[PDB]
Every structure is written in C-alpha cells, then in structure tokens.
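S.K.: Residue numbers (the entry's author numbering), protein chains in the order written: chain A, -2 to 330, 340 to 377; chain B, -2 to 336, 341 to 377.
Backbone N, C-alpha and C define an ideal beta-carbon position, used for all residues, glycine too.
A single structure is presented below for examination.
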Ligand SMILES: [Mg+2]
Ligand SMILES: [Mg+2]
C-alpha cells in the first residue's frame, strides 16, 4: 500500500476553542469555532490532528500523576469543547507555571507526527498555525517539515506541504476571515533527504554528543555519507542499533514533576529528533547493493553530479561479464568521492545468480576514514 | 513503503536479438542488439522485463516435459543472447506448431506484470513493442494497462505509462533509429478504477460465466457498485473468497501438451484477468466505513457528481451528535409521517444505519444490505 491521503496539523492554544467566525477560501465559506474545521471542510482534508501543550491541563484541573494520565484528561475534555474526536498530539511545552525547554516541543511533534504520517498513507500535509501562541507555530512547522522530509525519503514518495494561517481574533460570524495559504512546497525523496542532512550538518561539533558512544563523530559522518550518495556505506555500516535506541529514547513519555510553584516537564533535546530523522532515512538503504538498486538510488537520492558519476561507474561495470568470486573494481578498469563512492582499489564486485553486487567488504574502515 | 521506481516491459519475438543499430532519443544515442537496452539506458529505467512467447522453446532445443521446465530452458538460454539477466515473463502464445488461444497471452501478462509492479514499487512504466510480432504488442500493451490500472487503484498511487516503438527497420540495416514515445498517459487511483470497471461493463451478458456460482450476474453487479461509488456495499458484501480463488486459478502454470507435430498450450481465458482486476481493486475497500474513510473514498475513487453527493450527505451527518447504538439515518434526520440508493450516493435514509464508536462515526447497511443489493 502507498496512499494519497491528506492531513491537517493544527496548533491550538486554547482547548476551549474560539468565538465562531466565518472562514473563507476562494469565496467559499464555513462557520467554525476553530480554524482547523474550516480548513478541513474547505480543502476536503481527510485527517485532522490537534496539537495542544501539556500546559492546558490547568484549564480542566487535570492531575499531574504522570504525563499519560494528564494528557488523557486533556483529550477527554478538549474533544468535547472542540468537537474534534481525534487525533490529538499533546506536547511538552513551556507556559506560565509549566517549565522546561522549548525545543522539547519540537522533538515531540517531530516524532509523533512522523508516526501519524506512516499510519495514514499521506501525500498532502496542511499546517494551520492560526491558533498557535508563543513558539508553537514556528516549532510545529519546522518539526512537521522534518517529519515529512524523513517520511518522503524513507517511504520513497512525494509529499506536498502547505502552511496556512488566518486572523479570527475579536471577530464574529458577521466577519469573513480569510484562510491564507502562506507557503506551499513539494518534498521529494531527494529533497526530504537533503533537508534531513542539512539539519545535521549545520550544527556545532559538540551538538550530537551523548546520544551514543562517539555519536559526536559518528552522526555527522553518517550525515555526510547520506548527503553525498555513499549508498554502499549506508548499507554496510550497520546503523540499525542507533535507530532502535533513538526510537526507545523518543517513545518514552515525557516526565512531569510538580514543584511547590511549578510543573517541570522533561522530554528529549532537539538533537534526538535530528538524529532519529537521519537514521530513519538511512534505514532506506539496508541490504546488499546490486547494480540496478544502485542505479535507482542514484536517480532517486543523489544530486545531479553525484548521480552522473555513479551511473558512469555502473555503465563501465556493465560492459564486463561478471563471475562468482569477488575482485576489486581495479581488476576491470578525494578518490572515494571522485568515483562517486566506488573507488577502484576499495570496492569489490561479484555476480550472484542474476545480480552484480558492489561491496566494500573488509575495506570499509578505509572508506570510513575518507568520508 | 511506497516507491518511485521505473520499469520497462519489452515484447521480444526473437531471443537471439537483432541487427545492431544506434537507437536515439532527443539526439542522444545508444547502440544495441535490442531496443529495450537502449530505452533502459537513454531513459535511465530502473527495471527491465523481457516478455517472450513459450514458442521460442525450439530456438534452444528446449524440451516439452512441462511448462515450467520449458520456460526455464528458454530463460537460461535467452539471458546470454539478450544480455539481460532478469526479469523474464515467458507467456503462452500461438505460433507455428504452438497452438492455443491468443487471449491467454493477455491473461498471463496481466497477472505476472501485476505481481512485478507490486514487488518493484513502481510509479513509471514503459511498454516497448518494437520487437513484438503478431499479436504480442497489442495484447501486452492492453494487459499491462489493465495491470497498472488495478495496481494504481489498489495501492492508491499515480502511475505514468508510455508506449514506445522504434522506427521499424524492416528487412533493411538502418544506421540511426529513433525510439518514439507514441502514447503517454497518467493513471490515478480513480482512472485505474474506471478502466477496470470499463472492461467488465463493456462485455456481453454471459461473458463472466463459470468463474464462480452466479458469476454472470455477481461480477457485473460488483463492477456496477465499484463504478458508482457504493463503498459501503464493497466493504460489507464479501469478495475475499472470489479474490483468493482467482489468485489460485491464475498462479497455476499453463498446461503444455505436445502431440503429433503440435504443442497445445492452455492457460486461463481473458475473463479471469478482468475479474481478478475487479476484485483486486475492490479489496481496497475492506473494513468498516467511518466518515473520514468515506470522505477520503469520495475524494479518491468517485467521479465529480458522486463525490459531491457523498460529501453533501456526510456534511449533514456531521451536524449531529452521534449515539453508540445503531439508528437509521432517517431516525436522526426525518420526521414522523410520510414525505433511494443512488440519489443519496449510497446513503439512503431508510437503508443506512449510523453509530459512534471509539472516536469515529460509522455508516453501515447492517441487515438492510439485501435491499441495497436489489437496487444496484
Ligand atoms: Mg500525544
Ligand atoms: Mg514467466
């Protein structure tokens, strides 16, 4: 299954909803107490996701026994006020007595929105920030962008993403409130990959520390390999454990710990979201690399020069009749990169029944050092 | 996983290959003994499928013990001559001493190409008929079109399909040969659905006989439900048995039986391919129909009027707070005292129940399904 479903994510600052207003797109109108229901109606959006901060517990006198029971109380009460039965993402946020780190909101939305994209078979995403307050809008937008980027690359599909906002404040039903398309982008597997790597490669040298042993070095290295089309490396240098550990890290509930005067909320720093997106995209490349798979990777996941270099190397390999035993490419015909990841002294080739494979074999440590 | 892989299917009449020529697309050239290798190079196509007839068995002195062994001899010997290691579809065909029914070639290509599409995560398909002979081109093109139609609708994705043919060289030795895009189409889930139903609904009254009990009526009836957006009916009237039995029928090898100077080949009549496509598409609609699922079905699998009527009825339903006990739509929406299926886009008020469970509102025909079925 593949899927062409649409979804709208909406940042809602007040789970009680808002004064009824008449929203409008292209002259067509829909009256609502929340912009997201108007976007859903006017754009015929399949799925709805309301994003709330844990801080709105205060509105309903929800208890702080633990994050899960607190968020369940929020959802039960908001469903009745908003007339939206599902789905809800209730994220760690900083607001009044609720204390923490704003980037934790980002991490949480990235991870939870990614899971939703997987489940829903999505090809079009709307992000409605009409009712967001403080930093909700900027961080939900960027966290969802990251999730759609990871999703498009791993699922190998195109996903359209649009940012919407309106201004219903101090208006009523006699007011017409336009829902504006602010920006619309198309994310392809290539541009999803490039966004994910971009978010690793523009961070300071210590940014990815304490994620796993030597993560401070391993993470930017894996990102550089992904960014430059080193598919054989992504296939052969196992990162499945890193991915599993990050899933474990992000799957656990935030901690809610009440003070005298405060509720402290602890989730995971942004570096965990960026790292997960990286290893999630890398998981696309698992398994042995035969020539047609590599041709496809070149077309799908490499920029134009890198694609051309890889395809030229493959063209050269396809001129020869290939045997069962493994030989270095040299035996048939900056160096790592000038040959698009197939340097002749550092890559083997072999034929196993109907496929020719390229592998670094026991030379992978040499390759790793040149990344 | 979804996928944006490309694939070319090539009808090849002679597994020995052809006079080498320089194929060209848009000024760019590639010399080959087979058009499909030039297409693969010039259009950077991920996957290659060579379609051969079983009749090429004699080229390599292949034995006729059974279809599997004959096909495997053909494939192993063709690989070296053609320079293509995989994949091969070796189909029943009629030619010279090989006798049978030409539509069996269609059925075989449909089913086997469909399996290949599923495995390969495809969004772009090329059909190269350059080296096809007799009816290979017409039947491969139409069989593949049906396959992609079924695949697009069931997987819910768009697929582009293009028919290519080189300049025919005839009995001459040309030097440069253009590879022409003849036809290029885009198949959406809706376009796939409509092509599948079209192939059912343009057949004679008895065309679908002997597939399963009362299939002459049941098949057209399912196609009519699908063609007209009766998604609740498709969700509630079983067709998984029909799908399973068709997949079992089609997965069995063709029968090859040599006689005095003839080899008779038997596969399955075209009706099995068309019926398989139908039930494969219908299998998309499994599960209870909650209103968001229905809205999605209207947006994805229904023509403009049907989409509008369904969405209108859903808009009305969504005004109400829904209880957990099943009630007819009319119990919510119609007064006591006086005041049909298609005018309500499949949600007639006296024949459809509604209820809410675990955050979703559902519509179902429940015990009224027979009455709905009478009206299809
Ligand atoms: Mg949540
Ligand atoms: Mg075959």
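Should residue 376 of chain B be flagged as near chain A, meaning a C-beta pair shorter than 7 Å?
M.R.: Chain A contact via Cβ: absent.
S.K.: Measuring from the CB of residue 87 of chain B, is there a heavy atom of ligand 3 at a distance below 6 Å?
M.R.: Absence of ligand 3 is noted for the structure shown, with ligand 1 and ligand 2 being the only ligands found.
S.K.: From this set, B/123, B/282, B/189, B/241, which residue's C-alpha is nearest residue 158 of chain B's C-alpha?
M.R.: Looking at the Cα atoms, B/123 is the closest of the given residues.
S.K.: Once DSSP output is grouped into helix, strand and coil, what is the label at residue 219 of chain A?
M.R.: Residue 219 of chain A: helix per DSSP, three-state reduction.
S.K.: I need the DSSP call for residue 114 of chain B, collapsed to helix, strand or coil.
M.R.: Of the three classes helix, strand and coil, the one that applies to residue 114 of chain B here is helix, per DSSP.
S.K.: Which bits of chain B does residue 2 of chain A rub up against, with CB to CB less than 7 Å?
M.R.: Correct list: 293.
S.K.: For residue 197 of chain A, which residues in the same chain have their Cβ closer than 7 Å to its Cβ, ignoring the five residues on either side in sequence?
M.R.: Excluding residues within five positions, the ones whose Cβ falls inside 7 Å are 216, 217, 220, 271, 275.
S.K.: In three-state terms, what does DSSP make of residue 128 of chain A?
M.R.: Three-state DSSP puts residue 128 of chain A in a strand.
S.K.: Step through the CB atoms of chain A and report whether any lies within less than 7 Å of the CB of residue 82 of chain B.
M.R.: So, interface residue.
S.K.: Who are the near neighbours of residue 118 of chain B in its chain, counting only those whose CB is closer than 8 Å to its CB and skipping five residues on each side?
M.R.: Correct list, in chain order: -2, -1, 0, 1, 2.
S.K.: Unbroken alpha helix (DSSP H) runs of length 4 or more, entirely within the segment 259 to 311 of chain A: which are they?
M.R.: Listed in chain order, they are 267 to 279, 288 to 298.
S.K.: Which chain B residues are close to residue 7 of chain A, counting only those with a beta carbon under 7 Å from its beta carbon?
M.R.: Simply none; closest approach about 15 Å.
S.K.: Could you have a look at residue 243 of chain B and say whether DSSP puts it in helix, strand or coil?
M.R.: Residue 243 of chain B: helix per DSSP, three-state reduction.
S.K.: What residues in its chain sit with their C-beta under 6 Å from that of residue 306 of chain B, if we drop five residues either side in the sequence?
M.R.: Around residue 306 of chain B: 346.
S.K.: Count the other CB atoms within 10 Å of the CB of residue 90 of chain A; is the residue buried (16 or more) or exposed (fewer)?
M.R.: So residue 90 of chain A counts as buried.
S.K.: Between residue 322 of chain A and chain B, is the shortest Cβ-Cβ distance under 7 Å, so that the two count as touching?
M.R.: Chain B contact via Cβ: absent.
S.K.: Taking a Cβ distance cut-off of 9 Å, strictly less, list which residues of the segment 141 to 166 of chain A are near chain B, in chain order.
M.R.: Listed in sequence order: 151, 152, 153, 154, 155.
S.K.: Would residue 278 of chain B pass as a contact of residue 140 of chain B if the rule is Cβ separation under 7 Å?
M.R.: No, the pair does not count as a contact, with Cβ atoms beyond the cut-off.
S.K.: My understanding is that residue 292 of chain B touches residue 262 of chain B, with C-beta atoms under 8 Å, so please give their C-beta distance in whole angstroms.
M.R.: In fact, because the Cβ distance is near 48 Å, the residues do not count as touching under 8 Å.
S.K.: Of the choices B/223, B/134, B/320, B/170, whose alpha-carbon is the least far from that of residue 361 of chain B?
M.R.: Taking only the C-alpha atoms, the option nearest residue 361 of chain B is B/320.
S.K.: Alpha carbons only, please: which of B/109, B/48, B/161, B/294 is nearest the one belonging to residue 265 of chain B?
M.R.: Checked all of B/109, B/48, B/161, B/294; the closest Cα to residue 265 of chain B is B/109.
S.K.: Taking C-beta pairs closer than 8 Å, name the residues in chain B that residue 349 of chain A reaches, listed in chain order.
M.R.: Residues of chain B passing the Cβ test: none, with the nearest at roughly 23 Å.
S.K.: For residue 153 of chain A, does the count of other Cβ atoms within 10 angstroms reach 16, so buried, or fall short, so exposed?
M.R.: The residue in question, residue 153 of chain A, is buried, as its Cβ has 16 or more Cβ neighbours within 10 Å.
S.K.: Out of curiosity, what's the CA-to-CA distance linking residue 259 of chain A and residue 61 of chain A?
M.R.: Cα to Cα, the separation comes out at about 11 Å.
S.K.: Note down, in chain order, every chain A residue with its Cβ under 9 Å from the Cβ of residue 44 of chain B.
M.R.: Within 9 Å Cβ-Cβ: 289, 293.
S.K.: So the beta strand (DSSP E) residue 253 of chain A belongs to, where does it begin and stop?
M.R.: From DSSP, the beta strand (DSSP E) with residue 253 of chain A extends over 252 to 255.
S.K.: Which residues in chain B sit within 9 Å of residue 118 of chain A, going by Cβ to Cβ distance?
M.R.: Those are -1, 153, listed as they occur along chain B.
S.K.: Quick check on residue 289 of chain B: buried or exposed, where buried means 16 or more other Cβ atoms within 10 Å of its Cβ?
M.R.: Residue 289 of chain B comes out buried.
S.K.: What residue range is occupied by the uninterrupted beta strand (DSSP E) comprising residue 50 of chain A?
M.R.: Element bounds for residue 50 of chain A: 44 to 50.
S.K.: Have a look at the DSSP bridge pairing and note the partners of residue 181 of chain B.
M.R.: Note: residue 181 of chain B sits in a beta bridge opposite B/159.
S.K.: Just to confirm, are residue 134 of chain B and residue 8 of chain B a CB contact at a threshold of 7 Å?
M.R.: In this structure, residue 8 of chain B lies closer than 7 Å to residue 134 of chain B by Cβ.
S.K.: Residues in its own chain within less than 7 Å of residue 283 of chain B by CB, not counting five upstream and five downstream?
M.R.: Within the same chain, residue 283 of chain B has close Cβ partners 232.
S.K.: What does DSSP give as the partner residue(s) for residue 357 of chain B in the beta ladder?
M.R.: Its beta-bridge partners are B/362.
S.K.: Please report the straight-line C-alpha distance between residue 371 of chain A and residue 193 of chain A, rounded to a whole angstrom.
M.R.: If you take the alpha carbons of residue 371 of chain A and residue 193 of chain A, they lie about 25 Å apart.
S.K.: May I ask which residues mark the beginning and end of the beta strand (DSSP E) holding residue 85 of chain A?
M.R.: Start and end: 85 to 88.
S.K.: Along chain A, which residues have their Cβ under 7 Å away from the Cβ of residue 297 of chain B?
M.R.: Simply 1.
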